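Now for the letters of each chain:
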Amino acid sequence: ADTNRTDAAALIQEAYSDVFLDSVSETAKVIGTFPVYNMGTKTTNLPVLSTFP
Amino acid sequence: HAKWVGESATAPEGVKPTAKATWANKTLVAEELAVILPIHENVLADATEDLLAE
């Protein structure tokens, strides 16, 4: 007879740690990188010169 | 529990017994109970009593 870990089990709490717990990281880059145009409607037209004499 | 003991250096009645204590676990588990009371907006307007308070 010896009062093993399974006889004492109800006295033995596991602990918890946040050391490896993180949110998602914001990896997106195109809005930070390229110039942004604020659109007032679904479609916008951009005229460009195509040819010259 | 304790036991009565002899004094022998060699006979089995001179030896003190070993023994265990032991623990067990009870648990609270939270369980939910609920109801939904649907009522029609016109009935709630035409009644003389506040049926939402009731």
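As documented in the archive entry, the model was determined using cryo-EM at 2.6 Å resolution.

1. Examining the overall build of chain B
Along the backbone of chain B there are one helix and zero strands. Radius of gyration (C-alpha) of chain B: 35 Å, far over the 10 Å computed for a compact globule of 54 residues. Taken across its 54 residues, chain B has 0% of its residues classed as buried. For chain B, the accessible surface area stands at approximately 5,900 Å², while carbon and sulfur atoms represent 57% of it. Once the 4 positive and 9 negative side-chain charges of chain B are each reduced to a mean point, those two points are 42 Å apart.

2. A word on the environment of B:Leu28
Its place among the elements puts B:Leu28 in the segment before α1 (41-46). For the pair B:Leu28 and B:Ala9, spaced 19 residues apart in sequence, the C-alpha separation works out to 52 Å.

Definitions and limits used
- Residues numbered from 1 in each chain as written, not as in the entry; some residues may be left out.
- Chains lettered and ligands numbered in written order.
- Part of a larger assembly, values for the part shown.
- Heavy atoms only, no water.
- Helix = DSSP H or I, 4+ residues; strand = E, 2+ residues; numbered from the N terminus.
- Rg over C-alpha atoms; globule rule 2.2 N^0.38 Å.
- Buried < 20%, exposed > 50% of the residue type's maximum accessible area, 1.4 Å probe, protein only.
- Areas by Shrake-Rupley, 256 points an atom, 1.4 Å probe, with all protein chains shown as cover.
- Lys, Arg positive; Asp, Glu negative; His and termini not counted.
- Charge placed at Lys NZ, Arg CZ, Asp CG, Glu CD.

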